[PDB]
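**Student:** Here it is, the structure, as structure tokens.
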Amino acid sequence: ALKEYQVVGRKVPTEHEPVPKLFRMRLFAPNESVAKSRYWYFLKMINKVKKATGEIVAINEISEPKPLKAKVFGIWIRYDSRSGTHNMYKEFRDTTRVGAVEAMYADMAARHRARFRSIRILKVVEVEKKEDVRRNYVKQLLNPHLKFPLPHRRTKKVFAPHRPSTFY
Amino acid sequence: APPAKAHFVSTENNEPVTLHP
Amino acid sequence: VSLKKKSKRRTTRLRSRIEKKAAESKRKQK
Amino acid sequence: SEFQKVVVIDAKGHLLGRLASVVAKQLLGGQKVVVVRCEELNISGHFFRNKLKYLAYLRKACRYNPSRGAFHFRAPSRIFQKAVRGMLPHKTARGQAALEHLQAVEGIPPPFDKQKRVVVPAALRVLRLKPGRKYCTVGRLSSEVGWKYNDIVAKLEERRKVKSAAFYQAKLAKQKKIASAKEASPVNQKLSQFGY
RNA sequence: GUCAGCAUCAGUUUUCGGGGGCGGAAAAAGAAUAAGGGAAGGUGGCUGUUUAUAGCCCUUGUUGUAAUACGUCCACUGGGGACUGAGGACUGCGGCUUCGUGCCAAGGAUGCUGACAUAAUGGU
RNA sequence: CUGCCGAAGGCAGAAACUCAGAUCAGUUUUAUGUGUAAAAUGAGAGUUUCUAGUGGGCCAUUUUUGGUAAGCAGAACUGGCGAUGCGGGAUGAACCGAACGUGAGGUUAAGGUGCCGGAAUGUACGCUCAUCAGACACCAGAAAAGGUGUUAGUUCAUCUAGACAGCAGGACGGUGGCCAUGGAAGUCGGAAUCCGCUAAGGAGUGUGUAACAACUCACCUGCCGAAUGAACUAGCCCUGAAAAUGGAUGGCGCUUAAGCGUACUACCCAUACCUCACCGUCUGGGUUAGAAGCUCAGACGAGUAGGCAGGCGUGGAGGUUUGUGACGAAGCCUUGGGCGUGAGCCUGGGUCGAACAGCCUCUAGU
RNA sequence: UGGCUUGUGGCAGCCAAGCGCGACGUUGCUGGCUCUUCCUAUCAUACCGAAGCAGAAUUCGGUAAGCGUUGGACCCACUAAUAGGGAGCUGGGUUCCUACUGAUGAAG
């Protein structure tokens, strides 16, 4: 699965730069090693800081402060496509930022044939205001009187003696 | 060259800044 | 049943020839 | 889920490929299988496409002695047998013996209409097909590919359902009598703490 | 002589279970209980409002030094199954034992028992 | 017959002796600019001498120039093949794993878990319906694009001052503006295309009329109450042509997949990996209590050309076995038994009738 | 022995959806005699759509390969039509088994 990490890093201090600036990024990766490499290439492509002359100063996994409250997360991401450039913004209702990112990765691999390396996440933000929600299906979930029967009921022990119920 | 030794990295002077790709 | 006019399965010369000439196409566009 | 000598499967509402695969695995396990009522097997895909599939199957024939050419079987039971045997190693003695353990029939003949008929949930269309999907019936594809015994089976099935309904009503009445005497008996409440 | 069963072991190995530390935001949550803030997908009330005859969200205190969760470790431990028994007096390295021809899971299996012999194994 | 070493597109081995070395490396650092020089790791490193076989070619890789509808041609390096069995890709000289003694057990790689087929008709989230779907494999030839198929997005639009649509109505009067004509009044046809009114009626969007007239939009008002529209991108789907007997994602078949994409577990097995036994080769230690022997330990095992070593069998000769034999030699047959990895050897039974064999040497029309 | 192959020519300019190119457009000039089967890319026959199609006759296009596509020296007749292709024999020109078809035949 995925875990959210904060990676703080800087280049090695020298005489030219006695106090190098400290760069922190919030990013998602299965483990710390992938997170550090994910961060290093991001730092290379944004600020041209080489991996050799830099160092990861702080690694910290982050847990969801309120995993028991359903939230709506809007995700700004950039995609590499045939043209090599695209921008998308999706909304997912889930109780955890990590799960929202996992759902985003599954949806994009399902729709646009996107892989982990092809997807770079710009921002995952929480949308508390109902009006700020843009997606109609999210608004459908947010309606106060939501109700619906179970979808995809679908139901070793081969050779059942009776016919299936698949109803109530 | 040996591996880099443990040291300190004071941030009160330069607090970490959020970077987004 | 296949239900096709052209077989979906390919011959070994044909499948090998794609990697022969697909690589050359990348050489040409380079 | 216990080894019986003979398993009678009422193929109504099942999917041809899924039921064939389950049956083909049971035959290699060494179990006699009787698949009754084969004119009710369901196949995914709309009827016109399935008939085009079958009519393409007729096209396969020898250019010398079509008598030795492919044998196109039109009965729904034989259609199921062809599906099953394609999932078996019938070129060997093991697969050939496995085929001998399968009896696929049209309707429910009298030797098997008085026996319990289990169903396979892994092949049932209701549990395995998304609602709103077009399908077809083998007993219908057979009639428009050459099978000429549809009316007789339907008539003999209406008779069978009438007789079975009369039998069930008699058995239900006897079961009601036994059920009424059940709570009348005392030990059924006296020491029923074991859950029975 | 043949084939078995079990027990105690040694080598290899697979599969469940318990106990205990140690780390992270000294988990995050959560519960219970005191402040303040905000409101809703607006409850009682009267479409509109701010806990009332439902409640929710945010911050802080507290119960607290809570648990859990994951990671990690134990020279902590309880079981189940399978393959193997090479070597052939004595030394060696070790632990108990007061030393002891002392004992021991410590430089490679022993012990107990049963059935069959016209059967069983093995060969063709 | 077996074992060991083992290529080549100057090699591999053999013998003769250096130093227990800073002596070399299909290597990486440090310094100076792929060259050179002076830390890491690994390895015992070497020198002269002679002597078998080969000096070819196929495939792919990255560096360029000449190129054309279109491929293509010529270089350098790199590997694989060739001497190479095994697992998988339905099967295969060049694809993915893996380098091979005889076995037992465990675990995997690549690929897989609907049935054929050993292994989850597992879990979770999406996409897709194809009257000639997909499982294909940079989807590269057709390829540029079409679609009132679907799901997502990106950028601009109006919207309880009532959105789009829908019904009701207005959509005018100067004016039949002017040339143009049988007949043209906005609408056969030639430049616009102005104005009074507005909330709006375009010298007029189309149909139509010989000409008219009449209807429509494009433009506004009444009712009606909420979202709606346009242009692009992405995934799947249809199409983007192909013939000639039957027909192939390998087959059966599969449509909340057994197709496509991702994520997570569980599971399957190669000669591969690990533990053990055994065979052989090499190497190392020890051995005065068949020395051509004994003993302990470790590593290793494809193999063509080629090199080295040890054995099995056949005819004859010398020596030996107080050797075997008419109470049955040799030979031959055999569903008998035993030994050796093997060449082969011994033996039981039957037949048979007069010679034959082991050991150490010699020899060859072996 | 290319998933080959088929219906739309060559040069220049103007645009210009867009990314110096730039698509469509737009303008400038000179071998025959008999034989089994298959494909449709249909000549005729069947049924349809369009056209100044009044009728008759006809043109083009669609589904369609079920069934036909001749007789004589490109020529001239017949015919509804004389459509196009794939997978035993002869002329002028250079100096065993297996298949196919019929026939028996032991056997639950």
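Chains: A, B, ... in order of the structure tokens. Residues: from 1 per chain. Ligands: from 1, in order shown.
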Taking only C-alpha atoms (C1' of nucleotides) into account, report as a list in words which residues of chain A lie within 7 Å of chain F.

**Tutor:** residues 88, 103, 106, 107, 109, 110, 111, 112, 113 and 152 of chain A

**Student:** Can you list every residue of segment 113-216 of chain F that has an atom at most 10 Å from segment 4-28 of chain C, with its nearest atom pair and the distance in Å to one decimal, using only C-alpha atoms (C1' of nucleotides), ordered by chain then number, as CSV?

**Tutor:**
```
residue,atom,partner,partner_atom,distance
F:132,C1',C:4,CA,5.0
F:134,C1',C:8,CA,9.9
F:135,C1',C:8,CA,9.8
F:136,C1',C:8,CA,8.6
F:137,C1',C:15,CA,7.3
F:138,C1',C:22,CA,6.9
F:140,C1',C:22,CA,4.7
F:141,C1',C:18,CA,9.7
```

**Student:** Please identify the alpha helix (DSSP H) residues within segment 127-159 of chain A (assignment by DSSP from backbone atoms) and present them as a list in words.

**Tutor:**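 Secondary structure check on segment 127-159 of chain A, alpha helix (DSSP H): residues 136, 137, 138, 139, 140, 141 and 142 of chain A.
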
**Student:** Which residues of chain A have any atom within 10 Å of an atom in chain E when counting only C-alpha atoms (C1' of nucleotides), and what is the closest pair of atoms for each, with the distance in Å to one decimal? Order the rows by chain and rising number and write it as a Markdown table.

**Tutor:**
```
| residue | atom | partner | partner_atom | distance |
| --- | --- | --- | --- | --- |
| A:60 | CA | E:24 | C1' | 8.6 |
| A:61 | CA | E:24 | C1' | 8.0 |
| A:62 | CA | E:25 | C1' | 8.2 |
| A:63 | CA | E:28 | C1' | 5.3 |
| A:64 | CA | E:28 | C1' | 6.4 |
| A:65 | CA | E:28 | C1' | 6.1 |
| A:66 | CA | E:29 | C1' | 6.8 |
| A:67 | CA | E:29 | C1' | 6.9 |
| A:68 | CA | E:29 | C1' | 7.4 |
| A:69 | CA | E:57 | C1' | 9.7 |
| A:130 | CA | E:41 | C1' | 8.6 |
| A:139 | CA | E:41 | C1' | 9.8 |
| A:141 | CA | E:41 | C1' | 9.3 |
| A:142 | CA | E:41 | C1' | 6.0 |
| A:143 | CA | E:41 | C1' | 5.4 |
| A:144 | CA | E:41 | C1' | 3.9 |
| A:145 | CA | E:41 | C1' | 7.7 |
| A:146 | CA | E:41 | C1' | 9.2 |
```

**Student:** Using C-alpha atoms, can you write the selected residues to a file as a PDB file, in the first residue's frame?

**Tutor:**
```
ATOM      1  CA  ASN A  60       8.899  11.335   8.722  1.00  0.00           C
ATOM      2  CA  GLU A  61       5.849   9.213   8.027  1.00  0.00           C
ATOM      3  CA  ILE A  62       2.585  11.070   8.640  1.00  0.00           C
ATOM      4  CA  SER A  63      -0.626   9.509   9.936  1.00  0.00           C
ATOM      5  CA  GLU A  64      -4.087  10.894   9.267  1.00  0.00           C
ATOM      6  CA  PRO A  65      -5.124  13.231  12.122  1.00  0.00           C
ATOM      7  CA  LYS A  66      -8.817  12.275  11.816  1.00  0.00           C
ATOM      8  CA  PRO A  67      -9.080   8.937   9.976  1.00  0.00           C
ATOM      9  CA  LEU A  68     -12.608   8.426  11.347  1.00  0.00           C
ATOM     10  CA  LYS A  69     -14.210  11.446   9.621  1.00  0.00           C
ATOM     11  CA  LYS A 130     -19.857  21.888  -0.025  1.00  0.00           C
ATOM     12  CA  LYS A 139     -22.157  16.247  -4.659  1.00  0.00           C
ATOM     13  CA  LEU A 141     -22.735  11.574  -2.134  1.00  0.00           C
ATOM     14  CA  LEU A 142     -22.901  14.803  -0.106  1.00  0.00           C
ATOM     15  CA  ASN A 143     -26.695  15.118  -0.392  1.00  0.00           C
ATOM     16  CA  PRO A 144     -28.331  14.782   3.052  1.00  0.00           C
ATOM     17  CA  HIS A 145     -30.934  12.089   2.256  1.00  0.00           C
ATOM     18  CA  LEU A 146     -28.649   9.656   0.427  1.00  0.00           C
TER      19      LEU A 146
END
```

**Student:** Pick out the residues sitting within 12 Å of segment 4-10 of chain B, and hand them over as a list in words; count only C-alpha atoms (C1' of nucleotides), and ignore anything fewer than 6 positions along from it in its own chain.

**Tutor:**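 Selected residues are residues 8, 9, 10, 11, 12, 13, 18, 19, 20, 21, 22, 53, 54, 55, 56, 57 and 58 of chain A; 16 of chain B.
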
**Student:** So that I have them on file, write out the residues from the current selection with N, CA and C atoms, as a CSV table (one decimal), in the first residue's frame.

**Tutor:**
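Result went into again_35.csv, see below:
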```csv
chain,number,residue,atom,x,y,z
A,8,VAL,N,12.5,16.3,4.1
A,8,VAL,CA,13.2,17.5,4.2
A,8,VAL,C,14.7,17.3,3.9
A,9,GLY,N,15.2,18.1,3.0
A,9,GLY,CA,16.6,17.9,2.5
A,9,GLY,C,17.2,19.2,2.1
A,10,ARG,N,18.6,19.1,1.9
A,10,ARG,CA,19.4,20.2,1.5
A,10,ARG,C,20.7,19.7,0.9
A,11,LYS,N,21.4,20.6,0.2
A,11,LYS,CA,22.7,20.3,-0.3
A,11,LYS,C,23.7,20.4,0.8
A,12,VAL,N,24.9,19.8,0.6
A,12,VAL,CA,25.9,19.7,1.6
A,12,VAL,C,26.5,21.2,1.7
A,13,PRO,N,26.6,21.7,2.9
A,13,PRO,CA,27.1,23.1,3.1
A,13,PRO,C,28.6,23.2,2.6
A,18,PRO,N,27.4,28.5,3.2
A,18,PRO,CA,27.5,28.0,4.5
A,18,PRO,C,26.2,27.5,5.1
A,19,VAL,N,25.1,28.1,4.8
A,19,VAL,CA,23.8,27.7,5.4
A,19,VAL,C,22.8,27.5,4.2
A,20,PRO,N,22.8,26.3,3.6
A,20,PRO,CA,21.9,26.0,2.5
A,20,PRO,C,20.5,25.9,3.0
A,21,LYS,N,19.6,26.3,2.1
A,21,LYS,CA,18.2,26.4,2.4
A,21,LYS,C,17.6,24.9,2.6
A,22,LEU,N,16.5,24.8,3.3
A,22,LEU,CA,16.0,23.5,3.7
A,22,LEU,C,14.7,23.3,2.9
A,53,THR,N,25.3,16.0,-4.5
A,53,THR,CA,25.7,17.1,-3.6
A,53,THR,C,24.7,17.4,-2.5
A,54,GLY,N,23.6,16.7,-2.5
A,54,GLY,CA,22.5,16.9,-1.5
A,54,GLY,C,22.5,15.8,-0.5
A,55,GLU,N,21.5,15.9,0.4
A,55,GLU,CA,21.3,14.9,1.4
A,55,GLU,C,19.9,15.0,2.0
A,56,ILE,N,19.3,13.9,2.3
A,56,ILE,CA,18.0,13.8,3.0
A,56,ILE,C,18.3,14.0,4.5
A,57,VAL,N,17.8,15.2,5.0
A,57,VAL,CA,18.0,15.5,6.4
A,57,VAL,C,17.0,14.9,7.3
A,58,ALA,N,15.7,14.8,6.9
A,58,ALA,CA,14.7,14.4,7.8
A,58,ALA,C,13.6,13.6,7.0
B,16,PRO,N,12.2,24.9,7.0
B,16,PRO,CA,11.9,24.2,5.7
B,16,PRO,C,10.8,24.8,4.9
```

**Student:** Name the residues in contact with segment 12-25 of chain G at a cut-off of 12 Å, using only C-alpha atoms (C1' of nucleotides), excluding same-chain residues fewer than 6 positions from it; report them as a ChimeraX atom specification.

**Tutor:** /A:83 /F:144-145,232

**Student:** For chain F against chain B, which residues fall within 12 Å using only C-alpha atoms (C1' of nucleotides), given as a ChimeraX atom specification?

**Tutor:** /F:29-30,39-40

**Student:** For the residues in that selection, give me N, CA and C atoms (P, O5', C5', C4', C3', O3' and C1' of nucleotides) as a PDB file, in the first residue's frame.

**Tutor:**
```pdb
ATOM      1  P     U F  29      34.398   5.386 -10.569  1.00  0.00           P
ATOM      2  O5'   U F  29      34.777   5.664  -9.048  1.00  0.00           O
ATOM      3  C5'   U F  29      35.490   6.833  -8.680  1.00  0.00           C
ATOM      4  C4'   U F  29      36.144   6.688  -7.331  1.00  0.00           C
ATOM      5  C3'   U F  29      37.142   7.777  -6.969  1.00  0.00           C
ATOM      6  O3'   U F  29      36.522   8.944  -6.459  1.00  0.00           O
ATOM      7  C1'   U F  29      38.106   5.667  -6.544  1.00  0.00           C
ATOM      8  P     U F  30      36.907  10.385  -7.055  1.00  0.00           P
ATOM      9  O5'   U F  30      38.437  10.571  -6.651  1.00  0.00           O
ATOM     10  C5'   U F  30      38.819  10.748  -5.295  1.00  0.00           C
ATOM     11  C4'   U F  30      40.304  10.980  -5.178  1.00  0.00           C
ATOM     12  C3'   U F  30      40.892  11.976  -6.165  1.00  0.00           C
ATOM     13  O3'   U F  30      40.721  13.325  -5.767  1.00  0.00           O
ATOM     14  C1'   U F  30      42.209  10.020  -6.156  1.00  0.00           C
ATOM     15  P     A F  39      47.751   4.773   1.100  1.00  0.00           P
ATOM     16  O5'   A F  39      47.448   4.746  -0.463  1.00  0.00           O
ATOM     17  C5'   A F  39      46.707   3.681  -1.038  1.00  0.00           C
ATOM     18  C4'   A F  39      45.235   4.004  -1.095  1.00  0.00           C
ATOM     19  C3'   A F  39      44.302   2.810  -1.211  1.00  0.00           C
ATOM     20  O3'   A F  39      44.051   2.189   0.036  1.00  0.00           O
ATOM     21  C1'   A F  39      43.686   4.440  -2.801  1.00  0.00           C
ATOM     22  P     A F  40      43.979   0.588   0.141  1.00  0.00           P
ATOM     23  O5'   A F  40      42.495   0.242  -0.319  1.00  0.00           O
ATOM     24  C5'   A F  40      41.375   0.840   0.316  1.00  0.00           C
ATOM     25  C4'   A F  40      40.096   0.488  -0.397  1.00  0.00           C
ATOM     26  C3'   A F  40      39.900  -0.991  -0.689  1.00  0.00           C
ATOM     27  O3'   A F  40      39.370  -1.696   0.420  1.00  0.00           O
ATOM     28  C1'   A F  40      39.473   0.261  -2.647  1.00  0.00           C
TER      29        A F  40
END
```

**Student:** May I ask you to extract the residues of chain D within 10 Å of chain C, using only C-alpha atoms, and to give them as a VMD selection string?

**Tutor:** chain D and resid 49 to 50 52 to 57

**Student:** What does the file look like for those residues with N, CA and C atoms, as a PDB file, in the first residue's frame?

**Tutor:**
```pdb
ATOM      1  N   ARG D  49     -25.556 -12.669 -32.681  1.00  0.00           N
ATOM      2  CA  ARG D  49     -24.125 -12.957 -32.667  1.00  0.00           C
ATOM      3  C   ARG D  49     -23.857 -14.434 -32.405  1.00  0.00           C
ATOM      4  N   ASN D  50     -24.602 -15.038 -31.477  1.00  0.00           N
ATOM      5  CA  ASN D  50     -24.407 -16.453 -31.179  1.00  0.00           C
ATOM      6  C   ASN D  50     -24.784 -17.328 -32.368  1.00  0.00           C
ATOM      7  N   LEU D  52     -24.582 -16.393 -35.470  1.00  0.00           N
ATOM      8  CA  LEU D  52     -23.473 -16.217 -36.403  1.00  0.00           C
ATOM      9  C   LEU D  52     -22.273 -17.061 -35.996  1.00  0.00           C
ATOM     10  N   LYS D  53     -22.012 -17.168 -34.691  1.00  0.00           N
ATOM     11  CA  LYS D  53     -20.952 -18.054 -34.220  1.00  0.00           C
ATOM     12  C   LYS D  53     -21.227 -19.494 -34.625  1.00  0.00           C
ATOM     13  N   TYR D  54     -22.460 -19.955 -34.411  1.00  0.00           N
ATOM     14  CA  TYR D  54     -22.791 -21.341 -34.714  1.00  0.00           C
ATOM     15  C   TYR D  54     -22.787 -21.569 -36.222  1.00  0.00           C
ATOM     16  N   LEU D  55     -23.382 -20.646 -36.982  1.00  0.00           N
ATOM     17  CA  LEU D  55     -23.400 -20.797 -38.434  1.00  0.00           C
ATOM     18  C   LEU D  55     -21.999 -20.741 -39.028  1.00  0.00           C
ATOM     19  N   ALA D  56     -21.062 -20.072 -38.353  1.00  0.00           N
ATOM     20  CA  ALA D  56     -19.663 -20.176 -38.754  1.00  0.00           C
ATOM     21  C   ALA D  56     -19.090 -21.540 -38.399  1.00  0.00           C
ATOM     22  N   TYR D  57     -19.612 -22.163 -37.341  1.00  0.00           N
ATOM     23  CA  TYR D  57     -19.179 -23.504 -36.965  1.00  0.00           C
ATOM     24  C   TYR D  57     -19.608 -24.537 -38.004  1.00  0.00           C
TER      25      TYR D  57
END
```

**Student:** Taking only residues of chain A that have an atom at most 7 Å from an atom of chain D, what is each one's shortest atom pair and its distance in Å to one decimal, using only C-alpha atoms, in chain and number order, as JSON lines?

**Tutor:**
```
{"residue": "A:154", "atom": "CA", "partner": "D:127", "partner_atom": "CA", "distance": 5.3}
{"residue": "A:155", "atom": "CA", "partner": "D:127", "partner_atom": "CA", "distance": 6.0}
{"residue": "A:157", "atom": "CA", "partner": "D:1", "partner_atom": "CA", "distance": 5.5}
{"residue": "A:158", "atom": "CA", "partner": "D:120", "partner_atom": "CA", "distance": 6.1}
{"residue": "A:159", "atom": "CA", "partner": "D:120", "partner_atom": "CA", "distance": 4.7}
{"residue": "A:160", "atom": "CA", "partner": "D:119", "partner_atom": "CA", "distance": 5.3}
{"residue": "A:161", "atom": "CA", "partner": "D:118", "partner_atom": "CA", "distance": 4.3}
{"residue": "A:162", "atom": "CA", "partner": "D:118", "partner_atom": "CA", "distance": 6.6}
{"residue": "A:163", "atom": "CA", "partner": "D:119", "partner_atom": "CA", "distance": 6.9}
```

**Student:** Chain G residues within 12 Å of chain D, counting only C-alpha atoms (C1' of nucleotides): which ones, as a PDB file with N, CA and C atoms (P, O5', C5', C4', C3', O3' and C1' of nucleotides), in the first residue's frame?

**Tutor:**
```pdb
ATOM      1  P     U G  36     -16.461 -30.497 -64.078  1.00  0.00           P
ATOM      2  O5'   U G  36     -16.308 -30.381 -62.497  1.00  0.00           O
ATOM      3  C5'   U G  36     -16.337 -31.538 -61.675  1.00  0.00           C
ATOM      4  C4'   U G  36     -15.579 -31.324 -60.390  1.00  0.00           C
ATOM      5  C3'   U G  36     -15.958 -30.090 -59.586  1.00  0.00           C
ATOM      6  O3'   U G  36     -17.124 -30.276 -58.804  1.00  0.00           O
ATOM      7  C1'   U G  36     -13.602 -30.246 -59.737  1.00  0.00           C
ATOM      8  P     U G  37     -18.137 -29.053 -58.553  1.00  0.00           P
ATOM      9  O5'   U G  37     -17.371 -28.123 -57.510  1.00  0.00           O
ATOM     10  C5'   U G  37     -17.031 -28.604 -56.219  1.00  0.00           C
ATOM     11  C4'   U G  37     -15.966 -27.753 -55.576  1.00  0.00           C
ATOM     12  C3'   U G  37     -16.329 -26.296 -55.340  1.00  0.00           C
ATOM     13  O3'   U G  37     -17.099 -26.099 -54.168  1.00  0.00           O
ATOM     14  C1'   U G  37     -14.201 -26.418 -56.350  1.00  0.00           C
ATOM     15  P     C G  38     -18.079 -24.831 -54.049  1.00  0.00           P
ATOM     16  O5'   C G  38     -17.111 -23.634 -53.641  1.00  0.00           O
ATOM     17  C5'   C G  38     -16.315 -23.710 -52.468  1.00  0.00           C
ATOM     18  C4'   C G  38     -15.195 -22.702 -52.491  1.00  0.00           C
ATOM     19  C3'   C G  38     -15.610 -21.243 -52.588  1.00  0.00           C
ATOM     20  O3'   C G  38     -16.004 -20.700 -51.340  1.00  0.00           O
ATOM     21  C1'   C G  38     -13.871 -21.670 -54.128  1.00  0.00           C
ATOM     22  P     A G  99      -7.090 -42.879 -45.930  1.00  0.00           P
ATOM     23  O5'   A G  99      -7.390 -41.705 -46.968  1.00  0.00           O
ATOM     24  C5'   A G  99      -8.351 -41.868 -48.000  1.00  0.00           C
ATOM     25  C4'   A G  99      -8.176 -40.836 -49.089  1.00  0.00           C
ATOM     26  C3'   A G  99      -9.334 -40.708 -50.066  1.00  0.00           C
ATOM     27  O3'   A G  99     -10.387 -39.909 -49.565  1.00  0.00           O
ATOM     28  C1'   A G  99      -7.311 -40.841 -51.269  1.00  0.00           C
ATOM     29  P     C G 100     -11.843 -40.546 -49.347  1.00  0.00           P
ATOM     30  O5'   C G 100     -12.532 -40.432 -50.776  1.00  0.00           O
ATOM     31  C5'   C G 100     -12.671 -39.178 -51.424  1.00  0.00           C
ATOM     32  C4'   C G 100     -12.928 -39.363 -52.896  1.00  0.00           C
ATOM     33  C3'   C G 100     -14.003 -40.380 -53.246  1.00  0.00           C
ATOM     34  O3'   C G 100     -15.317 -39.863 -53.152  1.00  0.00           O
ATOM     35  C1'   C G 100     -12.083 -40.813 -54.535  1.00  0.00           C
ATOM     36  P     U G 101     -16.475 -40.729 -52.450  1.00  0.00           P
ATOM     37  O5'   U G 101     -16.947 -41.739 -53.586  1.00  0.00           O
ATOM     38  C5'   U G 101     -17.164 -41.291 -54.915  1.00  0.00           C
ATOM     39  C4'   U G 101     -17.179 -42.438 -55.896  1.00  0.00           C
ATOM     40  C3'   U G 101     -17.993 -43.656 -55.494  1.00  0.00           C
ATOM     41  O3'   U G 101     -19.382 -43.481 -55.701  1.00  0.00           O
ATOM     42  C1'   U G 101     -15.910 -44.345 -56.378  1.00  0.00           C
TER      43        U G 101
END
```

**Student:** Taking 5 positions as the minimum chain separation for residues in the same chain, which residues sit within 9 Å of segment 323-328 of chain F when counting only C-alpha atoms (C1' of nucleotides)? Answer as a ChimeraX atom specification.

**Tutor:** /F:352-358

**Student:** Would you pick out the contacts of residue 81 of chain G at 7 Å or less, using only C-alpha atoms (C1' of nucleotides), so that residues sharing its chain but fewer than 4 positions from it are not included, and give the list as an MDAnalysis selection string?

**Tutor:** chainID G and resid 43:44 69

**Student:** Neighbours of segment 8-17 of chain E within 7 Å (only C-alpha atoms (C1' of nucleotides); same-chain residues fewer than 5 positions away dropped), as a PyMOL selection string?

**Tutor:** (chain E and resi 105) or (chain F and resi 106+275)

**Student:** Where in segment 33-173 of chain D does DSSP assign strand (DSSP E or B), given as a PDB file with C-alpha atoms, in the first residue's frame?

**Tutor:**
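The result, stored in out30.pdb:
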```pdb
ATOM      1  CA  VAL D  33     -22.732 -36.325 -14.091  1.00  0.00           C
ATOM      2  CA  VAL D  34     -26.234 -36.022 -15.570  1.00  0.00           C
ATOM      3  CA  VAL D  35     -26.972 -32.558 -16.978  1.00  0.00           C
ATOM      4  CA  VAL D  36     -30.739 -32.444 -17.488  1.00  0.00           C
ATOM      5  CA  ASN D  42     -27.718 -19.526 -21.313  1.00  0.00           C
ATOM      6  CA  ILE D  43     -24.871 -18.076 -23.373  1.00  0.00           C
ATOM      7  CA  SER D  44     -23.595 -14.518 -23.097  1.00  0.00           C
ATOM      8  CA  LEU D 102     -21.348 -37.646 -18.605  1.00  0.00           C
ATOM      9  CA  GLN D 103     -25.003 -38.023 -19.617  1.00  0.00           C
ATOM     10  CA  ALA D 104     -26.413 -34.844 -21.172  1.00  0.00           C
ATOM     11  CA  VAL D 118     -28.504 -29.560  -7.533  1.00  0.00           C
ATOM     12  CA  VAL D 119     -27.322 -26.371  -9.260  1.00  0.00           C
ATOM     13  CA  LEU D 124     -25.559 -19.342 -12.834  1.00  0.00           C
ATOM     14  CA  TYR D 135     -27.882 -13.308 -23.769  1.00  0.00           C
ATOM     15  CA  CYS D 136     -29.386 -16.245 -25.654  1.00  0.00           C
ATOM     16  CA  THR D 137     -30.806 -19.705 -25.000  1.00  0.00           C
TER      17      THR D 137
END
```
